[PDB]
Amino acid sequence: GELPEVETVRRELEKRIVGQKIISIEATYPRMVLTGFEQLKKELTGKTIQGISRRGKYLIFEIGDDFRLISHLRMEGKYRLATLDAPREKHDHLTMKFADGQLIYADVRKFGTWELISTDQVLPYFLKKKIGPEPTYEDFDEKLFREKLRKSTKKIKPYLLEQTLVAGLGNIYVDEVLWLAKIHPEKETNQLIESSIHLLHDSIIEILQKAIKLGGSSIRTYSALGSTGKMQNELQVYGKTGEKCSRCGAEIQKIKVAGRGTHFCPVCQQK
C-alpha cells in the first residue's frame, strides 16, 4: 500500500502487539527476508516488541532494544492477527507467534520484504534509499520542493512517485493529488509556476493526512489489518475512468504515463 495504508497498519500493530514476547517465528517463504531468515529467527525469538514506527511506505518493528525489522508491503502485502490454531492460507509466508495469537504476513505476488538491522543503522538505511521528507507541514519544506521542481524536466507524476521529493505517494494518491492541484500528470516540473507548486505542496499534505484519518483506501477488504478504510469512498479520479469529474462534469480519462495507469480530468488538468 501507500503511506496512508501503511500508517493505518502501523497504528493497529502499535495498539495490539507492543509488549508481546515473540515465542517463535516460522516461514514458508524464507527468501523474502533479505537479511537471512534463520538469522532473523535466531535473533528475534524470545524478544519483546517495544514499538512500531514508519518511514515513507516502510514499516519499522522495534524489537528488543537494538533490533529493527524493516518491512515493506510493496503491492499486495497484508498483515493479520490470528489465533494460534488459525488454518494456513495459500499466500501466507511468515508468522510471528505470540502466547495468545500470531501475526501473519501474506503476499500473493511475493514482492514484500523483511530486513533485520540494528537501531543505529536505521537512519543510514533510509539515507541510502534516498527517501524524501515525510508529508507533513513540519518536514515537507516547500522551498526545497520548489527548487527541485524548477531544476528538472521530468514529468510531475513520475517524479513524485520517486519518493525523493516527498515520501509516501503511490499510484492512487499521486493521481488524487494532481487532480486536486489541477496539474496534468505529464507536465514537466520546470513549467510549474509558484502558485501551482504551492497548491501541489499543500494538496500532497492534505490528501495524505485525510487518507490517514479515514484509515486508508481499501478497494478490496478482507480479514487483515487496515482493511476497514473509508478513503476509497473519497477518491475523485483513481479508478473512476468514464465517470464524471465532481468539479466540472467532464469524463475522467485514463492513460499510461511512464508505464503506470493514470486517471485525470482533461478539463481541470490542462496539458
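All residue numbers are counted from 1 along the displayed sequence.
- Residue-level annotation: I212 has coordinates in all of the other entries compared, counting only those that model residues on either side of it, so it never reaches the one-third mark.
- For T221, the record comparison shows coordinates absent in at least a third of the other entries of this protein that model its neighbours.
- Comparing 94-102 with 170-178, the higher mean C-alpha B-factor in the PDB entry belongs to 94-102.
- For the pair 84-92 and 156-164, the record assigns the higher mean C-alpha temperature factor to 84-92.
- When the CA B factors of the chain's modelled residues are split into thirds, the value for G242 lands in the highest one.
- Sorting the modelled residues of the chain by their CA temperature factor places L40 in the middle third.
- The entry lists a Cα temperature factor for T136 that places it in the middle third of the chain's modelled residues.
- For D107, the recorded CA B-factor ranks within the lowest third of the chain. Only modelled residues enter the ranking.
- The deposited CA B-factor of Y58 belongs to the lowest third of values across its chain.
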